[PDB]
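Structural features, examined
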There are 4 protein chains.
Amino acid sequence: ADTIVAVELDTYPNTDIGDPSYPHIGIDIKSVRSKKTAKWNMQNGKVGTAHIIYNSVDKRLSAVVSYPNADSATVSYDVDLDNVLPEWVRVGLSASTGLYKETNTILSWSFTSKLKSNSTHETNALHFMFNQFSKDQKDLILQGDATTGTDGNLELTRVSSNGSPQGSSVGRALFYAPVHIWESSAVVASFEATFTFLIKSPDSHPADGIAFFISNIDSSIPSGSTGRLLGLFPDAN
Amino acid sequence: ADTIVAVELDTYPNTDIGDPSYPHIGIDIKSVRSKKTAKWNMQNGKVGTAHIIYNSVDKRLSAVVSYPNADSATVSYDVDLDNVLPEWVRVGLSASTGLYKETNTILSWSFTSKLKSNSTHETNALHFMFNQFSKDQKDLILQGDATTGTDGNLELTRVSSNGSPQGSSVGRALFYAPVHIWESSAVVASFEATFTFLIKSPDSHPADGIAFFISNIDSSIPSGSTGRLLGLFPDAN
Amino acid sequence: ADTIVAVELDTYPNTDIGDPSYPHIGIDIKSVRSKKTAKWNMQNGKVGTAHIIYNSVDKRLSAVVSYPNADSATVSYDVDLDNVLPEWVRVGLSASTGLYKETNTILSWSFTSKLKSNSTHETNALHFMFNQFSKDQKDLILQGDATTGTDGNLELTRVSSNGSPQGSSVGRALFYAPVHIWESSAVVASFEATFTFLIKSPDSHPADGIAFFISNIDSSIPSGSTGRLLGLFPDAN
Amino acid sequence: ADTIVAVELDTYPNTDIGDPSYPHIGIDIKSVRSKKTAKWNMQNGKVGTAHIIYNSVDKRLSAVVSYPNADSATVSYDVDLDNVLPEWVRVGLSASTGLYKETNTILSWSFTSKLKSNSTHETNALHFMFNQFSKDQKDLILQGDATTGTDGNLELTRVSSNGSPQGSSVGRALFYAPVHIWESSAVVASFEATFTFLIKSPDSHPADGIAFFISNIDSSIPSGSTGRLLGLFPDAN
Ligand SMILES: OCc1cn([C@H]2O[C@H](CO)[C@@H](O)[C@H](O)[C@@H]2O)nn1
Ligand SMILES: OCc1cn([C@H]2O[C@H](CO)[C@@H](O)[C@H](O)[C@@H]2O)nn1
Ligand SMILES: OCc1cn([C@H]2O[C@H](CO)[C@@H](O)[C@H](O)[C@@H]2O)nn1
Ligand SMILES: OCc1cn([C@H]2O[C@H](CO)[C@@H](O)[C@H](O)[C@@H]2O)nn1
Ligand SMILES: [Mn+2]
Ligand SMILES: [Mn+2]
Ligand SMILES: [Mn+2]
Ligand SMILES: [Mn+2]
Ligand SMILES: [Mn+2]
Ligand SMILES: [Mn+2]
Ligand SMILES: [Mn+2]
Ligand SMILES: [Mn+2]
């Protein structure tokens with residue numbers, strides 16, 4: 001019953017529910033079955049960067065994921081957010097593990113959104129930038145197994161003291177302030193988000209992924225959304 | 001009980017409790033009795049601009065209020081905010097009326113805070129900008145008589161359908177997200193705020209004024225803070 | 001000989017050389033014959049706003065022109081600018097008049113360009129903002145009849161002491177610093193520009209229009225570019 | 001005959017011309033004999049960061065220099081730039097060697113300046129950010145021995161192929177666009193600059209230093225300004 005728009009960094013192929021058979025990035029509009037995907041050549045244990053852009057002139061959502069010294073993977077999709085999301089939203093990061101597992105570490109996150117009235121041609125804007133997360137990060141709403149402050153990082157899913165990821169974990173971090181995403185079909189916010197992430201797995205099989213998401217302001221982790229549902233969806237429809 | 005740092009635009013001289021005998025701007029550190037003031041040549045019914053700045057290098061809090069084509073009033077005070085404020089705060093705008101009254105209309109409000117930590121030398125930052133306020137402004141916490149949306153403005157205190165301000169009114173607006181305002185592990189910490197305001201009075205004499213304030217995150221309007229205490233303080237100590 | 005990418009606000013239909021039979025906005029890639037146009041419901045004597053955006057992810061150049069309380073006109077074109085422009089460029093504003101005329105008054109101009117390089121993932125950036133122009137605006141290179149300082153504005157084309165625009169006029173303003181607009185070693189490259197403009201005509205018909213352009217750094221007004229060529233092109237090829 | 005305001009990072013004590021007897025940071029107003037200094041505990045071969053701020057409300061120039069995991073050195077000085085500098089300036093970085101020597105490597109440089117008319121309460125602003133310098137850095141004016149592009153860095157003074165600094169070297173880098181620093185005593189720009197630097201010396205005696213400076217737009221390296229004059233002054237008056 002939540003409304004979700006997300007960019008997923010999907011590390012585990014769930015072909016039974018429409019994943020491609022390889023790690024991929026995807027654009028999810030109200031469904032874990034991505035509207036568009038691109039192959040992702042994941043590098044275990046290297047810091048990656050994700051960049052997400054929504055152009056309100058073209059109403060086009062795009063995402064680029066890359067590592068230093070490697071090609072990027074890119075995916076783009078036409079979507080009118082004014083016709084999918086409520087007027088006010090929260091933005092967040094989500095991750096999960098299932099039978100297989102991985103660290104889901106966020107080293108930094110920034111976000112910018114601008115909403116320009118055509119009434120006044122003046123602009124409301126929100127910008128935030130995390131380059132360090134503290135043990136008491138009061139401007140984040142943490143959900144599930146998410147924690148902050150270990151080495152200054154945000155750990156979205158559970159990691160034991162020895163440093164090993166745990167399976168069957170789900171966690172999210174939403175920015176405290178709601179975001180005004182649209183006022184009309186003619187007035188929709190432009191925004192961009194960037195985060196750096198570190199996904200490590202002991203097994204040859206990391207799972208399940210990280211996502212940047214946009215939700216209704218009161219969104220919470222859906223029941224049974226560990227594993228392939230990325231902490232985002234109550235089912236695989 | 002609340003911890004308050006404020007810049008006041010004090011329109012009504014309460015000489016009983018330390019006010020000079022003229023409209024003034026003042027720096028308030030945990031008391032309504034300002035640590036420093038400057039005379040403010042108030043112009044009834046003209047849009048004004050207030051600019052507030054602090055950086056941890058000067059450790060100097062300053063404010064400027066001005067109108068188009070007029071001399072500005074400036075006030076400064078040396079103060080070490082990490083010894084005054086809690087680490088996490090909320091920021092906001094407050095206003096009140098008493099026996100005498102005025103409109104306390106906010107046309108725009110922006111704020112930036114930056115924390116640059118001591119050895120990664122990276123930056124945590126928050127920036128917001130309101131050039132319009134709507135009737136359901138979800139990124140603002142409204143307290144007391146504050147309302148939004150009438151002509152796209154924020155009305156801190158009660159105004160009738162006439163456009164007529166009311167006495168004994170008090171209202172505040174706080175930005176939804178807490179702000180990490182200092183960290184004793186930061187090379188530089190700094191913030192700045194700007195707002196534009198319209199204060200109209202039918203009377204010979206406007207009252208009581210507008211303040212930008214910084215507070216503990218769970219700050220609420222103190223009992224008995226209408227009038228001269230500007231919705232900020234429980235008493236005049 | 002110059003290399004030009006421009007967004008034109010074309011006020012005068014030159015159907016002889018490919019213009020539609022109405023005022024329009026167009027995307028120009030190395031020719032005055034626009035790759036894409038949209039109809040522009042011009043309002044004589046009202047302040048307009050133009051917004052131009054490009055990012056290397058969409059590789060899509062878009063522009064929007066609008067007035068307060070009116071439908072905006074939008075035009076977009078898929079284009080790979082690293083295959084069109086030199087690596088270093090200057091950015092600027094151009095305008096002209098011909099047999100018919102108009103004022104080509106710029107009230108404000110801002111621009112941001114960002115280059116994020118492929119493996120440090122760091123950012124090189126330039127941002128400037130003009131909300132006032134003075135008589136000796138040293139960060140602008142003025143060409144032809146362009147002047148600054150009259151009522152704090154930039155007059156791209158010749159206006160008499162009357163406030164009366166003149167025919168056969170051409171003028172440009174380029175920002176002093178060259179811009180590193182693409183690097184084939186960048187993850188993301190992007191820019192955006194905004195300006196506000198006032199076009200007044202005594203005539204039935206205004207001419208000839210205003211453009212935001214991107215050029216080789218040593219770009220100058222081509223011989224014979226007054227009127228329909230907007231001070232941008234040597235011919236109508 | 002140039003007019004110079006600078007923040008110096010002075011690595012070599014020239015006590016004969018008023019240096020303190022230890023490495024220091026200083027604020028120089030039209031003279032190499034700093035108006036104010038603070039002791040600087042320099043770390044050979046570690047990347048340092050310099051942050052410079054001018055507060056136009058207080059008219060106070062401050063500078064902080066630090067290394068990761070170390071205390072910072074700070075210096076502040078009251079100076080009305082409207083009464084010292086011309087209305088338009090260039091900003092730059094300078095360095096020199098003399099009998100003794102050091103690498104004077106710049107790894108990054110950013111600058112922001114805002115000038116707000118009280119006529120319109122609107123703002124002109126310039127921001128630039130270098131996180132990488134290329135071999136052909138067209139938005140920098142290089143003077144003397146300064147070069148760019150080696151490992152993506154700006155080398156202000158001469159370094160041989162083996163990597164060893166050379167004595168008797170002087171070089172500067174000015175940003176291409178002039179900067180509007182003041183319009184009146186009531187209208188002066190606020191600005192801030194940051195750069196990271198790497199000073200290495202083979203000998204126990206590094207010399208002579210790096211400076212952030214503000215000059216007349218046509219400033220050039222003064223004759224005989226190698227060594228203790230930091231490429232800034234024609235003499236030691
Ligand atoms: O291998 C068959 C199988 C897998 N799973 C589990 O592991 C997967 C990877 O962690 C998850 O995608 C999935 O949701 C489930 O938790 N349950 N059965
Ligand atoms: O004149 C007697 C008198 C009245 N008040 C009232 O009105 C003042 C102006 O609004 C307020 O400052 C004050 O707090 C009180 O409400 N204070 N003293
Ligand atoms: O009507 C005949 C005619 C006149 N012109 C002139 O005026 C036009 C409108 O200003 C310009 O577009 C054109 O380039 C020329 O200067 N072009 N055709
Ligand atoms: O040691 C005495 C002496 C020094 N210098 C030289 O070396 C110094 C350090 O490089 C410079 O400060 C000085 O300007 C000069 O070049 N000339 N004589
Ligand atoms: Mn999956
Ligand atoms: Mn998937
Ligand atoms: Mn008072
Ligand atoms: Mn007072
Ligand atoms: Mn035309
Ligand atoms: Mn045309
Ligand atoms: Mn010296
Ligand atoms: Mn010195």
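Per the deposited record, X-ray crystallography is how this structure was determined, to a resolution of 2.0400 Å.

Labelled according to the PDB entry, chain A appears under the name Concanavalin-A, originating from Canavalia ensiformis. Quoted verbatim from the Subunit field of UniProt, the annotation for chain A is "Homotetramer."

Counting secondary structure elements, chain A contains 0 helices and 16 strands. Taking 18 Å as the expected radius of gyration for a compact globule of 237 residues, we find that chain A reaches 17 Å, a close match to that expectation. Dimensions of chain A, computed from C-alpha atoms along their principal axes, come out at roughly 55 × 40 × 40 Å. Of the contacts formed within chain A by residues at least 6 apart in sequence, a portion of 67% connects residues at least 24 apart.

On to the relation of the copies chain C and chain D, then. Each of the two copies of the chain can be brought onto the other by a rotation about an axis and a shift along it. If you rotate chain C by 180° and push it 0.3 Å along the axis, it lands on chain D with an RMSD of 0.8 Å. Interpreted geometrically, this transformation is the action of a two-fold axis. With an isologous cut-off of 70% or more, the 96% of interface residues of chain C that recur at the interface of chain D puts this contact in the isologous class.

Our next topic: unusual backbone geometry. Most peptide bonds take the trans form, and the phi angle of most residues other than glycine is negative. The peptide bond linking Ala207(B) to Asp208(B) adopts the cis configuration, its omega dihedral lying at 5°. Positionally, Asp208(B) belongs in the loop between β15 (186-198) and β16 (209-215). Positive phi is not limited to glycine here, since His121(C) has a value of about 55°. Of note, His121(C) is situated in the loop between β8 (105-117) and β9 (123-130).

With that settled, consider the interface of chain C and chain D. Accessible area lost during the coming together of the parts is what is often quoted as the interface size. Taken residue by residue, the interface counts 24 residues in chain C and 25 residues in chain D. Taken over both partners, the interface formed by chain C and chain D buries close to 2200 Å², and the fraction arising from carbon and sulfur atoms is 53%. The interface formed by chain C and chain D contains 13 residue pairs in polar contact. Residue assignment for the side of chain C that touches chain D shows that the elements contributing at least two residues are β7 (88-96) and β9 of chain C. Of the pairings in the sheet, the one linking β9(C) to strand β9 (residues 123-130) of chain D comprises 5 bridges and is antiparallel in character. Opposite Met129(C), over in β9(D), you have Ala125(D) as the bridge partner.

Let us look at the coordination of the manganese ion (ligand 9). Residue and element names in this part refer to chain C. Summarising the metal site, the manganese ion (ligand 9) is bound by the protein donors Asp10 (OD), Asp10 (OD), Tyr12 (O), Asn14 (OD1) and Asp19 (OD), whose distances to it range over 2.4 to 2.5 Å. In terms of primary sequence, the donors binding the manganese ion (ligand 9) are separated according to D-x1-Y-x1-N-x4-D. Between the two metals, the manganese ion (ligand 9) and the manganese ion (ligand 10), the spacing is 4.2 Å, and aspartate 10 donates to both. Grouping residues by exposure puts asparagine 14 and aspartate 19 together as buried.

Quick look at the arrangement of the chains now. You won't find any contact between chain B and chain C; their C-alpha atoms come no closer than 13 Å. Taking C-alpha atoms as the reference, chain A and chain D come no closer than 13 Å and do not contact one another.

Our next topic: the packing of aromatic side chains. Enumeration according to the criterion identifies 58 aromatic pairs over all chains in this entry. Arranged with centres 6.0 Å apart and planes meeting at 15°, the rings of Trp109(D) and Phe130(D) form a pair that is stacked. With a gap of 21 residues between them, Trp109(D) in strand β8 (residues 105-116) and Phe130(D) in strand β9 connect regions that are remote in the sequence. Across the pair, exposure class does not vary: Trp109(D) and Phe130(D) are buried alike. Cation over ring: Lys39(A) sits above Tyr22(A), and NZ or CZ is 5.0 Å from the ring centre.

All names here are of chain B. Burial within strand β4 (residues 47-55) is extensive, with 7 of its 9 residues counted as buried. Two elements, β4 and β15, share 9 bridges in a ladder whose sense is antiparallel. Opposite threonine 49, over in β15, you have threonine 196 as the bridge partner. Sheet topology note: the β4/strand β5 (residues 60-66) ladder contains 7 bridges and is antiparallel. Each bridged residue has a counterpart across the sheet, and for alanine 50 the counterpart in β5 is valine 65. Taking the residues that link successive antiparallel strands as the turn, the β4-β5 hairpin has 4 residues, and the phi of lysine 59 there is positive, at about 50°.

What follows covers the environment of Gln137(A). Within the secondary structure, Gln137(A) sits in the loop between β9 (123-130) and β10 (140-144). Apart from residues lying up to four places away in sequence, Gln137(A) is in contact with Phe130(A), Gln132(A), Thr148(A) and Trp88(B). Among the polar contacts made by the side chain of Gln137(A), one reaches the main-chain amide nitrogen of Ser134(A) at a distance of 2.7 Å.

Further remarks concern the relation of the copies chain A and chain B. Relative to chain B, chain A is turned by 180° and slid 0.3 Å along the rotation axis, the superposed coordinates differing by an RMSD of 0.8 Å. When you check the interface residues of chain A against chain B, 92% turn up at the interface there too, and the contact is symmetric in its surfaces.

Protein-derived coordination of the manganese ion (ligand 7) comes from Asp10(B) (OD), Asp10(B) (OD), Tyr12(B) (O), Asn14(B) (OD1) and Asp19(B) (OD), at a distance range of 2.4 to 2.5 Å. Between the manganese ion (ligand 7) and the manganese ion (ligand 8) the interatomic distance amounts to 4.2 Å, and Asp10(B) serves as a bridging ligand to the pair.

In this section: the UniProt feature "binding site: a carbohydrate" in chain A. Residue and element names in this part refer to chain A. If you check UniProt for "binding site: a carbohydrate", the listed places come out as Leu99, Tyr100, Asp208 and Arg228 in our numbering. Over a stretch of 130 residues, the named residues converge on one spot in the fold, their C-alpha atoms separated by at most 10.3 Å. Within the secondary structure, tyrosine 100 is located in the loop between β7 (88-96) and β8 (105-116).

We now examine the site of ligand 4. Residue and element names in this part refer to chain D. Around ligand 4, the structure places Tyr12, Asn14, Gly98, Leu99, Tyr100, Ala207, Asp208, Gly227 and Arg228. Within the backbone of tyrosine 100, one N or O atom sits 3.0 Å away from an oxygen atom of ligand 4. Its free accessible area being 410 Å², ligand 4 has 60% of it covered by the protein chains. Residue composition of the shell around ligand 4, by class: 4 nonpolar, 3 polar and 2 charged.

All names here are of chain C. Residue position: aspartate 71 is located in the loop between β5 (60-66) and β6 (73-78). Note on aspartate 71: relative accessible area 75%, which makes it exposed. Sequence separation between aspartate 71 and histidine 121 is 50 residues, and the spatial gap between their C-alpha atoms is 39 Å.

To continue, consider the pairing of strand β3 (residues 36-39) of chain C. Residue and element names in this part refer to chain C. Two elements, strand β2 (residues 24-29) and β3, share 4 bridges in a ladder whose sense is antiparallel. Its bridge partner lying in β3, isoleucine 27 is registered against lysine 36. Between the end of β2 and the start of β3, which pair antiparallel, lie 6 residues, with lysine 30 showing a positive phi angle near 60°.

Turning next to the site of ligand 1. All names here are of chain A. Near ligand 1 the following residues occur: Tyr12, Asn14, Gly98, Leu99, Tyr100, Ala207, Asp208, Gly227 and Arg228. In the model, an oxygen atom of ligand 1 is placed 3.0 Å from a nitrogen or oxygen of the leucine 99 main chain. The contact in question runs from an oxygen atom of ligand 1 to an N or O atom on the backbone of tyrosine 100, over 3.0 Å. Within the complex, 60% of the 410 Å² of free accessible area of ligand 1 lies under protein. Classifying every residue of the shell around ligand 1 gives 4 nonpolar, 3 polar and 2 charged.

Before going further, it helps to examine the interface of chain A and chain B. Every contact between the two is made by 25 residues of chain A and, on the other side, 24 residues of chain B. The contact between chain A and chain B buries some 2200 Å² in all, and 53% of this surface belongs to carbon and sulfur atoms. For chain A, the biggest contributors to the area lost against chain B are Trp88(A), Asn124(A) and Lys138(A); these three give 25% of the whole. One can count 0 salt bridges joining chain A with chain B. Linking chain A with chain B are 13 residue pairs in polar contact. Sorting the residues of the side of chain A that touches chain B by element identifies β7 and β9 of chain A as the ones contributing at least two each. Counting residues per element, the side of chain A that touches chain B draws most heavily on β9(A), at 8 residues.

All names here are of chain A. Mapped onto the elements of the fold, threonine 157 is located in the loop between β12 (153-155) and β13 (170-175). A residue is classified by how much of its surface remains accessible, and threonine 157, at 1% relative accessible area, is buried. Within the local environment of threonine 157, its side chain forms a polar contact with the side chain of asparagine 104, the two groups lying 2.8 Å apart. Setting aside chain neighbours within four positions, we find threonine 157 in contact with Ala95, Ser96, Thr97, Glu102, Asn104, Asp145, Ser169, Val170 and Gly171.

Each value, and the rule that gives it
- Residues numbered from 1 in each chain as written, not as in the entry; some residues may be left out.
- Chains lettered and ligands numbered in written order.
- Heavy atoms only, no water.
- Residues with missing side-chain atoms left out of burial classes, pairs and counts.
- UniProt positions renumbered as here; feature names shortened; annotations may be inferred.
- Helix = DSSP H or I, 4+ residues; strand = E, 2+ residues; numbered from the N terminus.
- Rg over C-alpha atoms; globule rule 2.2 N^0.38 Å.
- Contact = heavy atoms within 4.5 Å.
- Least-squares fit on C-alpha atoms.
- Buried area = accessible area lost by both parts, 1.4 Å probe.
- Polar contact = N/O pair within 3.5 Å; in protein donor to acceptor, adjacent residues only side chain to side chain.
- Pairing = 2+ DSSP bridges.
- Donors = N, O, S within 2.8 Å, 3.2 Å for Na, K, Ca; no water.
- Buried < 20%, exposed > 50% of the residue type's maximum accessible area, 1.4 Å probe, protein only.
- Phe/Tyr/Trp six-rings, centres within 6.5 Å; stacked < 30°, edge-to-face > 60°.
- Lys NZ or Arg CZ within 6 Å of the ring centre and 35° of its normal.
- Near = heavy atom within 4 Å.
- Areas by Shrake-Rupley, 256 points an atom, 1.4 Å probe, with all protein chains shown as cover.
- Nonpolar A, V, L, I, M, F, W, Y, C, P; charged D, E, K, R; others polar.
- Salt bridge = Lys/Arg side-chain N within 4 Å of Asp/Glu carboxyl O.

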